[PDB]
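Enquirer: Quick one: the structure is below, and I'll ask about it shortly.
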Amino acid sequence: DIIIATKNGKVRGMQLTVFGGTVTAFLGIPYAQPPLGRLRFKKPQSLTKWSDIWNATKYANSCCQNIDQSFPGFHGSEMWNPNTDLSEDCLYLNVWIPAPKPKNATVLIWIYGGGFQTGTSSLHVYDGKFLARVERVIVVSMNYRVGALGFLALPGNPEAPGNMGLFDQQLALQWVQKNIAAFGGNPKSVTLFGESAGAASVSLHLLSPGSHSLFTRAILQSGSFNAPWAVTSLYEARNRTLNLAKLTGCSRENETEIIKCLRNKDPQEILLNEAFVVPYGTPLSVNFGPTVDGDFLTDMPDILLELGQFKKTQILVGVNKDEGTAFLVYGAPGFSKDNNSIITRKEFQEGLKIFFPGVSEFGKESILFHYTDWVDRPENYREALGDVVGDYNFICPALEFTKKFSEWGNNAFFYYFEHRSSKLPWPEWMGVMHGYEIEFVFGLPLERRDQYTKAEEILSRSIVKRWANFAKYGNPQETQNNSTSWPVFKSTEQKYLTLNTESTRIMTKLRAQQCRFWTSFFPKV
Amino acid sequence: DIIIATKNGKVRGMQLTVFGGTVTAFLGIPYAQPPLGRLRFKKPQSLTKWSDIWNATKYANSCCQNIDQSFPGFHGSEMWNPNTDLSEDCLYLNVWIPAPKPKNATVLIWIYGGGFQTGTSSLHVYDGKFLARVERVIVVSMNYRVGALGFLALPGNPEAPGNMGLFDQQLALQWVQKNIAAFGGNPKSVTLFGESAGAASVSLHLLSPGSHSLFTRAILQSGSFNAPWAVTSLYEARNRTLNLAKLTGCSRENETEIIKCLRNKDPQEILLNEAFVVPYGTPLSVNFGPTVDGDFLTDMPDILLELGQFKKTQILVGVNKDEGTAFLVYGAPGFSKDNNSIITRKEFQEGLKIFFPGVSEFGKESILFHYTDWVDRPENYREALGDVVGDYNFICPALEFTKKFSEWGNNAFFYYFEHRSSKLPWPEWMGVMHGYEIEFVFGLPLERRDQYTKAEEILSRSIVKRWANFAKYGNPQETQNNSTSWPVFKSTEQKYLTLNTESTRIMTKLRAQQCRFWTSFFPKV
Amino acid sequence: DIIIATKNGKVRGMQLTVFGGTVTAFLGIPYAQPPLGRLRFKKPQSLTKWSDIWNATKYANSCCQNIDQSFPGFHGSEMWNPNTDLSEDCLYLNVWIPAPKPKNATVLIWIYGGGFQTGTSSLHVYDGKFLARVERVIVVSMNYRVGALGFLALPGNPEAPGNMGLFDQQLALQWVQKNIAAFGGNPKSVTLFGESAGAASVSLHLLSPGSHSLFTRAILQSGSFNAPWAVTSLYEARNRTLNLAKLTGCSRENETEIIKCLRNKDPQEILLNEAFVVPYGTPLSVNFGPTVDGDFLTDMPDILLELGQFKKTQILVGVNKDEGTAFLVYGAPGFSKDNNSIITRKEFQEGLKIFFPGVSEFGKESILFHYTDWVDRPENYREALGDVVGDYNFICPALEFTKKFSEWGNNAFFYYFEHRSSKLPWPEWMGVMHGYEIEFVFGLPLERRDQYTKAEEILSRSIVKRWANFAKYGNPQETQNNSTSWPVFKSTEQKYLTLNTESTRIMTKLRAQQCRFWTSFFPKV
Ligand SMILES: *[C@@H]1O[C@H](CO[C@@H]2O[C@@H](C)[C@@H](O)[C@@H](O)[C@@H]2O)[C@@H](O)[C@H](O)[C@H]1NC(C)=O
Ligand SMILES: *[C@@H]1O[C@H](CO[C@@H]2O[C@@H](C)[C@@H](O)[C@@H](O)[C@@H]2O)[C@@H](O)[C@H](O)[C@H]1NC(C)=O
Ligand SMILES: *[C@@H]1O[C@H](CO[C@@H]2O[C@@H](C)[C@@H](O)[C@@H](O)[C@@H]2O)[C@@H](O)[C@H](O)[C@H]1NC(C)=O
Ligand SMILES: [Cl-]
Ligand SMILES: [Cl-]
Ligand SMILES: [Cl-]
Ligand code: NA
Ligand code: NA
Ligand code: NA
């Protein structure tokens with residue numbers, strides 16, 4: 001058996017067989033009072049207490065959230081949908097600990113992405129039992145509130161202050177500071193890692209003075225708060241909150257009255273309306289996300305970043321080669337997972353309209369300009385629109401974050417993931433898609449039984465070791481198997497490392513031309 | 001009289017006449033519960049307590065261990081055999097303190113070598129009364145468990161977790177932190193020094209976070225954990241533990257059952273079997289040694305070293321000119337202490353087979369290649385095989401440890417001991433053998449009565465002062481008698497200092513060609 | 001009235017009129033138990049306690065000590081003799097505090113010189129009322145034991161451990177740490193300053209870990225522990241202690257018996273014998289001085305200095321142009337204060353014999369060599385012998401101390417005092433004598449009534465300000481009156497500053513040729 005005495009009381013885990021060995025899992029440990037009723041929209045409140053043993057033996061409810069129904073039956077999209085019941089009663093977390101119980105293990109705290117609107121920690125690709133087996137770290141993950149239930153903002157108003165999902169994340173990190181030593185974990189050795197919105201959330205914990213002391217280091221996969229989807233401004237947030245009240249017929253004179261009304265609405269009505277709180281929204285729309293609440297976040301993050309006002313520590317940051325493709329089949333004309341999507345100039349022009357709703361005419365023409373001069377290919381426009389979307393949304397904000405961060409003294413490591421999963425269910429033209437490094441990081445290809453190639457095992461093995469070396473030692477080398485040394489990202493040289501199954505290479509200045517466009521010029525339009 | 005009140009209770013020492021003066025010795029102070037019975041194989045447990053006075057007036061039991069019987073009657077080998085009764089009841093330590101009682105003396109803590117299989121602190125060449133007389137430091141030494149009784153590993157299993165000898169060492173350092181101030185010693189000024197396995201153990205205390213706070217600085221004579229004999233991997237350890245169970249007919253389904261059985265076996269049966277737990281073993285075999293227990297040692301030490309995860313402090317590291325010769329007369333064909341051992345190519349080839357059991361055919365041919373191109377000498381092959389064995393085993397791992405360590409900021413000093421003791425009982429062709437600087441460090445030649453030359457007195461005097469200056473001031477200069485300044489070992493210049501009776505010289509890049517072979521190339525084969 | 005409540009109880013001071021203003025003096029505050037009887041030769045014991053008010057209204061007893069009787073009636077020498085009753089009951093100190101009572105004044109603690117054999121703090125040239133009036137610092141001075149009563153050594157023997165005068169000094173600094181805040185003084189802003197043996201004592205407080213925390217910064221006028229008169233080695237000390245026992249017929253089997261006997265002898269018999277405990281002694285002889293006691297001082301100070309083992313802080317160090325002249329009229333042939341002492345080669349040769357008793361023949365010839373090649377002057381040999389004595393004894397050890405100290409990172413300032421007091425009672429050929437900057441430092445020429453020139457007032461004014469700026473701010477600039485900036489003494493450039501009534505100049509490499517002789521070469525002979 002395996003009871004562990006936490007501050008809140010005792011909890012039971014379950015033994016897992018992994019790679020001829022054992023991991024102990026604690027699935028579904030509550031970390032907050034369920035945010036129901038009076039508590040919906042509020043910050044997570046400290047969890048009651050309890051005698052008797054809590055069975056943390058299965059994954060807990062996933063938070064309310066709209067589901068991706070664009071490809072029913074399709075593993076590509078469906079692997080991302082919640083795989084446990086939705087419920088507002090969702091403030092739970094998971095612990096994988098090596099067997100035997102470690103003495104002082106480094107801890108990795110995963111924060112899932114999904115645009116701040118969706119996601120859950122119980123996804124198969126977020127399963128921590130491998131990292132715990134293989135690198136002997138303890139892996140933790142938590143569910144946090146998404147969509148309006150997690151980010152509805154009416155700032156300076158504790159009824160719905162904004163940022164509740166982040167404070168959920170924070171409360172979980174805290175639970176780790178208070179309880180992980182009982183699990184053989186070292187609260188002084190915690191690395192947050194996360195992907196996409198998850199990566200952005202991690203970068204926001206680097207800015208939140210509330211988070212400073214609740215972790216050691218950070219990893220950002222395909223996301224950073226300076227991405228253009230990451231932060232709703234106070235204006236658009238308030239607009240959106242009201243727009244929502246309107247659609248639920250919860251418009252009121254008084255603002256606490258609006259909240260009180262929104263709290264009698266049922267999750268579904270809120271979920272159903274979340275979509276049209278925005279004018280023209282895109283496949284990247286973040287209807288309810290992080291804002292400048294003057295609590296988690298004290299100023300526009302761009303200012304804090306520019307001015308070195310953040311946790312001084314090492315970071316590991318990275319993006320995938322074809323970041324933007326996943327999004328083009330959610331609205332872009334003549335794109336389809338089911339053919340090769342050779343599109344015309346005219347179609348390219350219309351897709352911009354889709355990704356840059358407004359965004360002026362000249363703005364769009366300037367994107368078309370920067371992106372349509374070439375060594376002349378039917379796939380030209382198709383390739384270009386994916387690259388427009390990844391660069392603007394993922395790659396360039398990540399390279400600029402690394403740059404800005406690194407300028408203040410800390411070591412930074414940058415990777416460019418370029419391996420297309422041999423099992424990817426999406427078609428070929430989509431390439432190395434957004435989110436498809438995660439399974440490498442979590443070490444699924446280490447599982448011989450699971451239809452990955454040998455080369456894939458090897459590559460995941462190495463990534464898994466670099467991630468682990470990073471968390472434990474702030475240095476993501478793989479020192480034993482005669483590997484390519486990963487250099488720090490300097491402003492000036494901007495070296496980054498390439499991850500693939502063949503030649504792993506040191507390279508400089510990723511997307512140089514592209515990012516000058518997006519980073520210098522584009523904000524001005 | 002001379003009682004000193006320790007935490008555990010009072011203890012009595014004895015006055016020694018030394019060099020027209022007095023040293024106070026405390027020999028055989030218990031520091032742990034005797035590791036007998038239920039406790040065999042476990043970590044050392046905190047020592048009972050006691051009223052009445054413990055007489056620490058003679059050296060205590062030496063730990064169980066196999067004896068070197070290759071030259072009965074021969075002082076060369078026999079000087080190393082235990083010179084007190086063997087017993088599992090062996091967790092004792094010794095204190096030499098200057099008279100009069102010092103006010104705040106720096107402390108040197110000796111850790112003996114002997115391959116982790118043998119050794120004891122009561123050897124005549126480890127006698128601390130000279131250092132205490134001459135440099136007025138307090139010298140401490142402890143016995144720690146060797147062989148399986150000290151290193152039997154079944155990891156994650158407190159019944160035999162591995163590394164018990166190291167935790168013995170650690171517990172002794174602790175006793176020093178808790179008690180040495182009562183002896184006029186400064187717990188804030190402790191230098192660990194040790195030789196061979198002892199040197200490796202010291203280097204492992206540099207990695208063990210458990211040891212960080214229990215000492216100031218370190219000296220490594222002819223040994224470092226990155227030597228190829230120093231660390232048993234988890235695999236080979238477990239293999240060896242089982243192999244042992246098998247030979248004692250202690251194979252069991254359950255693993256605690258295996259330990260329980262091994263604990264009813266008598267030390268001798270365990271001692272007798274320890275040898276053939278290994279396939280083809282060599283004269284350098286370490287059947288039961290340090291492992292990655294995830295307690296004393298959290299990861300492969302090569303990684304921690306490579307990644308700067310160690311105590312930041314000064315080190316003094318060194319090797320002897322003819323490190324490998326001692327081993328060739330324990331199995332190498334046509335070697336003998338009793339003639340000059342001119343050997344043939346064919347004999348050289350066979351000796352490699354002896355030192356590199358397997359180790360591929362090409363591996364051995366590459367050693368023969370690197371080592372058999374010369375200015376053409378009958379002693380060629382004889383000289384070459386000694387040099388193969390010292391370089392691989394002692395010199396190159398020590399130079400690489402210094403290099404790696406020094407890269408993180410700390411001052412490092414490197415010496416190359418090249419004086420052949422005028423009393424060495426081994427023959428001439430063996431040169432400046434492994435272990436034969438110890439008597440210089442401990443200052444035996446300072447003893448006029450003892451058949452050393454004047455030049456030898458002088459050289460020991462100087463070494464003794466440099467060691468002392470190192471421990472007290474982290475700088476191993478001899479500042480008064482117009483000496484050669486010892487420079488720090490930098491990566492890039494790699495200056496080291498030569499110790500002999502004539503010209504003491506500054507030199508660069510010891511065994512440059514040789515170590516590139518062993519350090520870069522050889523691990524790959 | 002003016003009572004101040006110290007830890008020991010209340011004390012009364014007296015108002016002084018100074019420069020149209022008021023200083024409050026506390027003269028003769030006890031700081032230790034009187035070291036009489038059982039206590040003679042022991043370390044100073046913590047002072048009883050007391051109700052009622054101690055009148056600290058006049059200078060207290062000066063410590064036992066032989067008097068200079070070479071010029072009865074002569075102000076030159078007699079200004080140095082004790083000007084209060086001698087008594088073993090002499091452990092007293094003085095405080096000058098500005099009126100009105102300061103809020104948080106920097107404190108200067110004067111330690112007098114006199115070869116460790118003589119001196120007292122109540123000398124007119126040590127009067128702190130001016131510094132207190134003019135720079136508003138609090139000035140403290142203490143009497144400490146001199147001669148054998150203060151330095152008799154029998155090391156490791158608390159009956160007479162050596163160094164009692166230093167521990168007297170230390171105990172006084174302590175009294176200042178514990179009590180000066182009650183006097184409006186800042187215990188965190190204490191600068192020790194002292195001259196000659198006093199300067200050496202200051203430099204020894206830089207080495208004594210016991211002193212680390214009892215002061216901020218240091219000033220060394222004409223003295224440093226590395227001067228050849230400053231430290232008696234353990235041998236010569238013990239020799240001297242026994243030699244003394246012999247002359248008092250206190251030779252005994254047992255060593256505590258020797259002390260017990262020496263304690264029934266009356267101060268005079270001890271005082272009378274102190275002189276011939278030495279073979280051939282010189283005018284610079286220090287019969288009983290600092291030793292390596294393994295308490296105040298843990299190792300030969302040369303080693304600690306060479307190895308950076310000292311308090312890291314700023315120092316201000318300096319010497320006078322004609323350091324050695326004062327000594328030549330105490331034994332050197334054909335020298336006299338009463339004529340111009342043109343001496344012959346032969347006389348020069350004999351004076352060396354006087355200053356370098358033995359000291360080999362070649363040693364003396366090498367001094368004559370280095371010092372007798374010139375632009376050919378009858379005063380040649382007379383000038384040369386003064387310069388031999390000052391360089392060896394004062395200048396070169398001070399320049400080398402500054403050099404060595406400064407190499408470890410701290411700012412150092414060096415001055416060369418070159419003004420001959422217009423009132424000096426010694427004759428002209430003696431030039432700028434040893435000890436005759438003190439009156440400048442203490443600011444006597446600020447006193448208009450006192451027969452100094454205007455230029456002298458100005459120069460003292462400036463010195464007094466630089467000293468004050470040094471203590472308060474660690475930087476001895478005089479920033480207001482368009483002065484020459486005092487540069488830090490670097491190893492390499494060795495800039496020092498010249499103090500005189502006309503051109504104050506920056507200069508490099510004082511006595512370059514001379515010190516290489518004394519510093520490199522001479523120790524070898
Ligand atoms: C690619 O497919 C696009 C998507 O349209 C829908 O899916 C395809 C596969 C058909 O089943 C069609 O009935 C649906 O409208 C087409 O718009 C696009 O033109 C096709 N492009 C090609 C074949 O290159
Ligand atoms: C050196 O001796 C080797 C060791 O063999 C043994 O010891 C010698 C001294 C003899 O007593 C012999 O009976 C033993 O077998 C010999 O193998 C080797 O050939 C000898 N080499 C020489 C003389 O150069
Ligand atoms: C300088 O005086 C030296 C000291 O000797 C004594 O003092 C002098 C002034 C006389 O009063 C004499 O009776 C004493 O012996 C003489 O040794 C030295 O030769 C004199 N040198 C001169 C005049 O240049
Ligand atoms: Cl690689
Ligand atoms: Cl030398
Ligand atoms: Cl000036
Ligand atoms: Na542009
Ligand atoms: Na090679
Ligand atoms: Na010379």
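A note on labels: chains of the structure tokens are A, B, ... as shown, every chain counts residues from 1, and ligands are counted from 1 in their shown order.
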If you run DSSP over the backbone, which residues in stretch 75-296 of chain B end up alpha helix (DSSP H)? Put them as a VMD selection string.
Expert: chain B and resid 75 to 78 129 to 135 147 to 151 164 to 179 197 to 207 234 to 247 255 to 262 267 to 273
Enquirer: Give as an NGL selection string every residue of chain B that touches chain C within 7 Å, counting only C-alpha atoms.
Expert: :B and (100 or 103 or 473 or 479)
Enquirer: Could you save the residues just selected, with N, CA, C and O atoms, as a compact mmCIF listing (two decimals), in the first residue's frame?
Expert:
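Result file follows (result-v8.txt):
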```
# COMPACT_ATOMS: atom_id res chain seq x y z
N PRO B 100 50.45 22.22 23.56
CA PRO B 100 49.21 22.28 24.32
C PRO B 100 47.97 22.37 23.45
O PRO B 100 48.03 22.84 22.33
N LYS B 103 43.76 26.34 20.25
CA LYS B 103 42.62 27.16 20.52
C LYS B 103 41.56 27.01 19.42
O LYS B 103 40.37 27.02 19.72
N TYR B 473 44.65 27.76 4.65
CA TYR B 473 44.50 29.01 3.85
C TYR B 473 44.02 28.80 2.41
O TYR B 473 44.09 29.71 1.61
N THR B 479 55.99 29.55 1.82
CA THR B 479 56.28 30.96 1.54
C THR B 479 57.64 31.47 2.05
O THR B 479 58.14 32.49 1.58
```
Enquirer: Which residues are near ligand 2 in this structure, taking near to mean any atom at most 7 Å from a ligand atom and counting only C-alpha atoms and all ligand atoms? Format them as JSON, numbers by chain.
Expert: {"B": [333, 334, 335, 336, 338, 339, 340, 341, 342]}
Enquirer: Give the residue list for ligand 6 at 12 Å, counting only C-alpha atoms and all ligand atoms, as a ChimeraX atom specification, sorted by chain and then by residue number.
Expert: /C:455,458-463,466,477-486,497-506
Enquirer: So that I have them on file, write out the residues from the current selection with N, CA and C atoms, as a short mmCIF file (atom, residue, chain, number, x, y, z; two decimals), in the first residue's frame.
Expert:
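That gives us result12.cif:
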```cif
data_model
loop_
_atom_site.label_atom_id
_atom_site.label_comp_id
_atom_site.auth_asym_id
_atom_site.auth_seq_id
_atom_site.Cartn_x
_atom_site.Cartn_y
_atom_site.Cartn_z
N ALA C 455 52.63 77.81 8.01
CA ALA C 455 52.69 76.75 7.05
C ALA C 455 52.40 75.46 7.78
N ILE C 458 48.54 75.03 8.56
CA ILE C 458 48.00 74.58 7.27
C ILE C 458 48.28 73.09 7.04
N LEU C 459 49.54 72.68 7.04
CA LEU C 459 49.84 71.26 6.87
C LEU C 459 49.16 70.34 7.88
N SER C 460 49.15 70.70 9.17
CA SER C 460 48.47 69.83 10.14
C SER C 460 46.98 69.82 9.85
N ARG C 461 46.46 70.98 9.45
CA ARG C 461 45.04 71.09 9.20
C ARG C 461 44.65 70.10 8.14
N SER C 462 45.51 69.96 7.15
CA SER C 462 45.19 69.15 6.02
C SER C 462 45.31 67.67 6.36
N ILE C 463 46.43 67.31 6.99
CA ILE C 463 46.62 65.96 7.53
C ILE C 463 45.45 65.55 8.43
N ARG C 466 42.58 64.74 6.28
CA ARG C 466 42.74 63.47 5.55
C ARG C 466 42.57 62.26 6.45
N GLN C 477 40.99 61.94 1.26
CA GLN C 477 41.04 63.13 0.46
C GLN C 477 40.82 64.33 1.35
N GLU C 478 41.28 65.48 0.89
CA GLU C 478 40.90 66.78 1.41
C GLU C 478 40.27 67.41 0.21
N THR C 479 38.95 67.47 0.19
CA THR C 479 38.19 67.70 -1.05
C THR C 479 37.89 69.17 -1.37
N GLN C 480 37.97 70.04 -0.36
CA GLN C 480 37.48 71.41 -0.47
C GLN C 480 38.50 72.41 -0.93
N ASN C 481 39.70 72.31 -0.41
CA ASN C 481 40.65 73.37 -0.62
C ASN C 481 41.60 72.98 -1.73
N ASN C 482 41.01 72.75 -2.90
CA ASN C 482 41.72 72.49 -4.17
C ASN C 482 43.02 71.67 -4.03
N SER C 483 42.96 70.55 -3.31
CA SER C 483 44.17 69.82 -2.97
C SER C 483 44.51 68.76 -3.98
N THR C 484 45.69 68.20 -3.78
CA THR C 484 46.17 67.08 -4.55
C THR C 484 45.41 65.85 -4.05
N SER C 485 44.77 65.21 -5.02
CA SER C 485 44.07 63.97 -4.81
C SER C 485 45.07 62.88 -4.39
N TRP C 486 44.79 62.16 -3.31
CA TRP C 486 45.63 61.05 -2.86
C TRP C 486 45.23 59.74 -3.58
N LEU C 497 51.89 59.54 -1.67
CA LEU C 497 51.74 61.00 -1.63
C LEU C 497 52.75 61.63 -0.65
N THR C 498 53.28 62.81 -0.99
CA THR C 498 54.26 63.47 -0.13
C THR C 498 53.62 64.59 0.71
N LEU C 499 53.94 64.60 2.00
CA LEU C 499 53.36 65.58 2.89
C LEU C 499 54.43 66.57 3.28
N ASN C 500 54.25 67.83 2.90
CA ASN C 500 55.18 68.84 3.33
C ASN C 500 54.53 70.18 3.35
N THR C 501 55.31 71.21 3.61
CA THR C 501 54.70 72.48 3.66
C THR C 501 54.63 73.13 2.29
N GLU C 502 55.45 72.72 1.34
CA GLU C 502 55.26 73.34 0.02
C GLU C 502 54.51 72.39 -0.91
N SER C 503 55.21 71.98 -1.96
CA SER C 503 54.66 71.15 -3.00
C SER C 503 54.28 69.79 -2.44
N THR C 504 52.99 69.48 -2.42
CA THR C 504 52.58 68.12 -2.13
C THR C 504 52.51 67.38 -3.47
N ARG C 505 53.19 66.25 -3.58
CA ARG C 505 53.37 65.66 -4.88
C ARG C 505 52.94 64.21 -4.89
N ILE C 506 52.49 63.76 -6.06
CA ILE C 506 52.32 62.34 -6.28
C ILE C 506 53.63 61.83 -6.83
#
```
Enquirer: List the neighbours of residue A:159 out to 7 Å using only C-alpha atoms; skip same-chain residues closer than 2 positions along the sequence, and give me the result as a list in words.
Expert: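 Residues meeting the cut-off are residues 41, 42, 157, 161, 256 and 259 of chain A.
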Enquirer: Identify, on the basis of only C-alpha atoms, every residue whose closest approach to residue C:108 does not exceed 12 Å; exclude the query and any residue fewer than 4 positions from it along the same chain; express the result as a ChimeraX atom specification.
Expert: /C:94-97,126,128-129,131-132,135-142,173,176,180,185-194,215-219,441-442,464,467-472
